[PDB]
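Student: Dropping the structure in here first, questions after.
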Ligand SMILES: [Mg+2]
Ligand SMILES: [Mg+2]
Ligand SMILES: [Mg+2]
Ligand SMILES: [Mg+2]
Ligand SMILES: [Mg+2]
Ligand SMILES: [Mg+2]
Ligand SMILES: [Mg+2]
Ligand SMILES: [Mg+2]
């Protein structure tokens, strides 16, 4: 079902500040190593007039290395799979909502994604494309109403220094009964490995590892 | 351009808790009296599995009575028109994003609307359809970055008593240069006048009046 | 008990950005007209290194004109009286907490107030004393857990234009059983009538009127 | 200056839900190991009518193990020292503000602490003393306006299961010039080791370690 090497295909449809776009992706990862890489292409709405980094964490917690002592909500959910929904609340009032419905056929995951962003200041770092990268982060995972919730204090590093803060809340919903984990953490690191001038073509990497804190 | 009687046509496409839907509407209003009525029909995704009230304030501040001493951002923007974007932050973590692009042809306004909702608790009043109505409200309007922003403390009255709080932030963007108003308020009252069992058919009314506070 | 003319005495002890202070006040108001005036004097910590306006709304909803159709939580609570607690959440991360225990002896109200402010940016309008006034506002009043809660979208007008947003949540607790009101509003307007150079001496006025919205 | 073994003395004055109290503490820690233990005694306001856990993280990032590659803001600030201010924003609307002014004499740290809590629901876990412990956490540390800010997604584990979420923002201010760190993390774990029936006497432990994320 979930093998050492898996492929990924995705389509994202979205609107940010009223600008409509479609992004398609293909990639590969190692679910048990917690690593993955994706090649993304803008199919409609090029050139994007906003910072590409707001999209990157929307482009699957299957790709997270879970130790034996923490139930793995995500890997347990397949073959049936799971979906997630997310809000991204930025410190200057920008708010994004996103969702991913993740299905599995053979060795390929398919992602149906929707992304919407509103209320970004026109002179802020998102609409002025002044972001460099997301910093690494630690997601706090806990069960609430029988499903799994993840909260994250995120930060974008900005051109010229300084950070731009965003708070993530993701709800994750398994499509079958699975053993629920106790409170735990997932450390993440996401990076754009390469892109062309207007980010019409982007190569993206993530590494993620689950853990129980200090210790 | 904006006459004493105007017609309204709209299409809303949206997703709430992963449930996809399309709603079309036709209505009429009196821009200078600040009143309007709309007939809405669910075209795809019936029956809606969530509280219809979360949608109602997305179904145009042209329909607000502005006194002579407050510049009317909305009426001034036509014929070119305006668009708005909104976030709706509910007290139990549910978040909606919405947008409306408002165009005018002859005596008919046309609304292109997108609505997305995420992170609603499955036993909350929205997914359990336990809301009765929005209470009246007062929107705080102020200019920020050369465009108009409206903040609102909203509340849904619940079955069995009690309120469910939501905070609105709307940004309004004119498609041409207009005279900007000083800080002011818009009082609103929105009501569902009638509906059928699953809200496949709904008649909706709003009254709105701008003012400068106490006095 | 609560007469057409009432006197007010107060002492505020507080800390903002680590700066300790004491302010004493004496004033008078007309509870049934919804108006009041106060003379305030800094007794310790002069000169205050922050914008005086953050304090003003802490210096009693007895002074609000309630119409016959809305139960008056505040006037009903006396002679025993009531206390309130408030949070003030500013858009740049500054947060204040405040409380007032309001007692009545004869024709004089006595206020025991505590005020604490934290996390104000050193180059923000509060620590740079760049605020001009609070705009008028409308408080949303509703019952939650058998006591009364008030939420307010507030805004300070800034030197050189622009607004600085703050969100108030106040809980009001009667010291005896009183008839609880349905959802309603209180319009407010607060103004500094005069002050000396470092605001060691300030004369302050408020007008407040309760109402049920549109209508 | 900061030695392998240091002593700690503190006094906290505070008010929660209008209840006034004083807590004094004495303890010891190992700054370079990131560990510390404290004995706390209620001196005024016993028995506390609220969950003791809301106080525990207010009872000094000197006690955090910093690796060689991350500048240590806290240890660098002495002998002059530093102060911090914090807001604690709970998911049910409860808000606390706190501050600590940390001075050093010989081998003993002295803490002057103020704590204020407001707007806790009377049937919530704080006023009903239904909390068991804080979960471990990871603080996100970043420089903003030349001083250090820490944000934390915190959670209290509740009696009968479930979590109660709180968001911390702490600002840390050195009393002299120090080398500023790049974005980093501090993992924490705080535990009550023992207490008597009404928590008049409490023994508290914390372990904290700084790091740069994944890796
Ligand atoms: Mg936008
Ligand atoms: Mg969020
Ligand atoms: Mg939902
Ligand atoms: Mg909002
Ligand atoms: Mg401060
Ligand atoms: Mg607040
Ligand atoms: Mg309280
Ligand atoms: Mg906070």
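Protein chains in written order, with the authors' numbering: chain A, 3 to 61, 65 to 220; chain B, 3 to 61, 65 to 220; chain C, 3 to 61, 65 to 220; chain D, 3 to 61, 65 to 220. The C-beta atom is built at its ideal place from N, Cα and C for all residues, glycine as well.
According to DSSP, residue 121 (chain B) sits in a beta bridge with which residue or residues?
Tutor: Residue mapping note: residue 121 (chain B) aligns to position 116 of the second chain, counting from 1. B:17 and B:102.
Student: If the cut is a Cβ gap below 8 Å, which residues of chain D does residue 74 (chain A) touch?
Tutor: The sequence position of residue 74 (chain A) within the first chain is 69, counting from 1. Residues of chain D passing the Cβ test: none, with the nearest at roughly 14 Å.
Student: Among the residues of its own chain, which have a CB less than 8 Å from the CB of residue 185 (chain C), if the five just before and after it don't count?
Tutor: Within the third chain, numbered from 1, the residue matching residue 185 (chain C) stands at position 180. Answer for residue 185 (chain C): 76, 78, 148, 151 and 153, listed in chain order.
Student: Kindly indicate if chain B contains any beta-carbon less than 8 Å away from that of residue 194 (chain C).
Tutor: Position 189 of the third chain holds residue 194 (chain C). Yes, contact with chain B.
Student: Compute the Euclidean distance between the alpha carbons of residue 188 (chain C) and residue 145 (chain C), then round it to the nearest angstrom.
Tutor: Within the third chain, residue 188 (chain C) is the residue found at index 183, counting from 1. Within the third chain, residue 145 (chain C) is the residue found at index 140, counting from 1. Computed Cα separation, rounded: 8 Å.
Student: If you reduce the DSSP assignment to three classes, tell me which class residue 9 (chain C) lands in.
Tutor: By one-based count along the third chain, residue 9 (chain C) stands at place 7. Three-state DSSP puts residue 9 (chain C) in a strand.
Student: Give me the chain B residues within the contact set of residue 147 (chain C), using Cβ-Cβ distance strictly less than 9 Å, ordered along the chain.
Tutor: As a first step, residue 147 (chain C) is located in the third chain; it is residue number 142 there, counting from the start. Ordered by position in chain B, the residues that pass the 9 Å Cβ test against residue 147 (chain C) are 140, 160, 167, 168 and 170.
Student: Does the beta carbon of residue 37 (chain D) fall short of 7 Å from some heavy atom of ligand 2?
Tutor: In the fourth chain, counting from the first residue as 1, residue 37 (chain D) sits at position 35. Checking every heavy atom of ligand 2 against the Cβ of residue 37 (chain D), none is found closer than 7 Å.
Student: For residue 75 (chain C), does the three-state DSSP call read helix, strand or coil?
Tutor: The sequence position of residue 75 (chain C) within the third chain is 70, counting from 1. Three-state result, residue 75 (chain C): coil.
Student: Give every residue of the same chain whose Cβ lies closer than 6 Å to the Cβ of residue 208 (chain A), excluding the five residues on either side of it in the sequence, and list them in chain order.
Tutor: As a first step, residue 208 (chain A) is located in the first chain; it is residue number 203 there, counting from the start. Result list for residue 208 (chain A): 41, 198 and 199, in chain order.
Student: Report the CB separation of residue 171 (chain A) from residue 219 (chain D) in whole angstroms; it is logged as a contact under 8 Å.
Tutor: As a working note, residue 171 (chain A) is residue 166 in the first chain. As a working note, residue 219 (chain D) is residue 214 in the fourth chain. About 18 Å; that fails the 8 Å criterion.
Student: Please output, in chain order, the residues near ligand 6 using a CB cut-off of less than 5 Å to any non-hydrogen atom of the ligand.
Tutor: C:92, C:94, C:172 and C:174
Student: Can you tell me where the alpha helix (DSSP H) with residue 201 (chain D) in it begins and where it stops?
Tutor: One-based indexing of the fourth chain puts residue 201 (chain D) at position 196. For residue 201 (chain D), no alpha helix (DSSP H) segment is defined, and its DSSP state is neither H nor E.
Student: For the beta strand (DSSP E) containing residue 157 (chain B), name the first residue and the last one.
Tutor: The sequence position of residue 157 (chain B) within the second chain is 152, counting from 1. Start and end: 152 to 163.
Student: Please classify residue 6 (chain A): is it buried, with 16 or more other beta-carbons within 10 angstroms of its beta-carbon, or exposed?
Tutor: Stepping through the first chain from its first residue, residue 6 (chain A) is reached at position 4. By the neighbour-count rule (16 or more Cβ atoms within 10 Å), residue 6 (chain A) is not buried but exposed.
Student: Beta carbons nearer than 8 Å to chain D: which residues of the region 176 to 189 of chain A have them?
Tutor: 188
Student: Considering just the uninterrupted stretch of the beta strand (DSSP E) at residue 172 (chain C), what are its terminal residues?
Tutor: Working through the third chain from its first residue, we reach residue 172 (chain C) at position 167. Here the beta strand (DSSP E) through residue 172 (chain C) covers 168 to 179.
Student: With 16 other CB atoms within 10 Å as the buried threshold, where does residue 158 (chain C) fall?
Tutor: Along the third chain, read from residue 1 onward, the residue named residue 158 (chain C) stands at position 153. Label assigned to residue 158 (chain C): buried.
Student: May I have the straight-line CA-CA distance separating residue 89 (chain D) from residue 46 (chain C), to the nearest angstrom?
Tutor: In the fourth chain, counting from the first residue as 1, residue 89 (chain D) sits at position 84. In the third chain, counting from the first residue as 1, residue 46 (chain C) sits at position 44. Approximately 22 Å, taken between the alpha carbons.
Student: Give the secondary structure of residue 42 (chain B) by DSSP, where H, G and I count as helix, E and B as strand, and everything else as coil.
Tutor: Taking the second chain and counting its residues from 1, the one referred to as residue 42 (chain B) is at position 40. Strand at residue 42 (chain B).
Student: First and last residue of the alpha helix (DSSP H) that includes residue 94 (chain D)?
Tutor: Position 89 of the fourth chain holds residue 94 (chain D). No alpha helix (DSSP H) contains residue 94 (chain D), which is instead part of the beta strand (DSSP E) from 87 to 95.
Student: Under 9 Å between beta-carbons, which chain B residues line up against residue 105 (chain A)? List them in chain order, please.
Tutor: Working through the first chain from its first residue, we reach residue 105 (chain A) at position 100. What residue 105 (chain A) touches in chain B: nothing, since even the nearest Cβ is about 10 Å away.
Student: Is the distance from the Cβ of residue 31 (chain D) to the Cβ of residue 212 (chain D) below 8 Å?
Tutor: Residue 31 (chain D) sits at position 29 when you count from the first residue of the fourth chain. Residue 212 (chain D) sits at position 207 when you count from the first residue of the fourth chain. No, Cβ-Cβ distance for residue 31 (chain D) and residue 212 (chain D) is not below 8 Å.
Student: Quick one: residues in its chain with C-beta nearer than 6 Å to the C-beta of residue 122 (chain B), no 5 flanking neighbours on either side, listed in chain order?
Tutor: Reading the second chain from its first residue, position 117 is the one you call residue 122 (chain B). Closer than 6 Å at Cβ, skipping near neighbours: 18 and 101.
Student: I'd like to know whether the C-beta atoms of residue 16 (chain C) and residue 23 (chain C) end up nearer to each other than 8 Å.
Tutor: As a position in the third chain, residue 16 (chain C) is number 14, starting the count at 1. As a position in the third chain, residue 23 (chain C) is number 21, starting the count at 1. Going by C-beta atoms, residue 16 (chain C) is nearer than 8 Å to residue 23 (chain C).
Student: Ignore the nearest five residues each way along the sequence and tell me which others in residue 98 (chain B)'s own chain have a CB closer than 6 Å to its CB.
Tutor: Sequence index remark: in the second chain, residue 98 (chain B) carries index 93 (1-based). Around residue 98 (chain B): 124.
Student: Tell me, please, which residues DSSP counts as bridged to residue 32 (chain A).
Tutor: As a position in the first chain, residue 32 (chain A) is number 30, starting the count at 1. Partner(s): A:37.
Student: Considering only heavy atoms of ligand 7, does any lie closer than 7 Å to the CB of residue 18 (chain D)?
Tutor: Sequence index remark: in the fourth chain, residue 18 (chain D) carries index 16 (1-based). Correct: residue 18 (chain D) has its Cβ closer than 7 Å to ligand 7.
Student: Label residue 60 (chain C) either buried or exposed according to how many other C-beta atoms from any shown protein chain fall within 10 Å of its C-beta, with 16 as the threshold for buried.
Tutor: Here residue 60 (chain C) refers to the residue found at position 58 when the third chain is read from its first residue. Buried, by the Cβ-count rule.
Student: Indicate whether residue 140 (chain B) and residue 163 (chain B) have their beta-carbon atoms separated by less than 8 Å.
Tutor: As a working mapping, residue 140 (chain B) is identified with position 135 in the second chain. As a working mapping, residue 163 (chain B) is identified with position 158 in the second chain. Their beta carbons are not under 8 Å apart, which means residue 140 (chain B) does not touch residue 163 (chain B) by this criterion.
Student: Shorter than 7 Å, the distance from the beta carbon of residue 110 (chain D) to the closest heavy atom of ligand 7, or not?
Tutor: Walking along the fourth chain from the start, residue 110 (chain D) turns up at place 105. Not under cutoff, so the answer is no.
Student: Against chain D, does residue 25 (chain C) count as a neighbour if the rule is that its beta carbon must be under 8 Å from one of theirs?
Tutor: Here residue 25 (chain C) corresponds to residue number 23 of the third chain, with the count starting at 1. So, not an interface residue.
Student: According to DSSP, is residue 192 (chain B) helix, strand or coil?
Tutor: Locating residue 192 (chain B) in the second chain gives position 187, counting from the first residue. Here residue 192 (chain B) sits in strand by DSSP.
Student: State yes or no: is the beta carbon of residue 214 (chain A) nearer than 8 Å to at least one beta carbon in chain D?
Tutor: As a first step, residue 214 (chain A) is located in the first chain; it is residue number 209 there, counting from the start. Yes, contact with chain D.
Student: Quick one: give me the first and last residue of the beta strand (DSSP E) that residue 136 (chain D) is part of.
Tutor: Here the question's residue 136 (chain D) lines up with position 131 in the fourth chain. Counted as a single uninterrupted DSSP element, the beta strand (DSSP E) harbouring residue 136 (chain D) occupies residues 136 to 139.
Student: Can you list, in chain order, the residues of its chain whose CB lies under 6 Å from that of residue 51 (chain B), leaving out five sequence neighbours each side?
Tutor: For this step, residue 51 (chain B) is matched to residue 49 along the second chain. Around residue 51 (chain B): 21.
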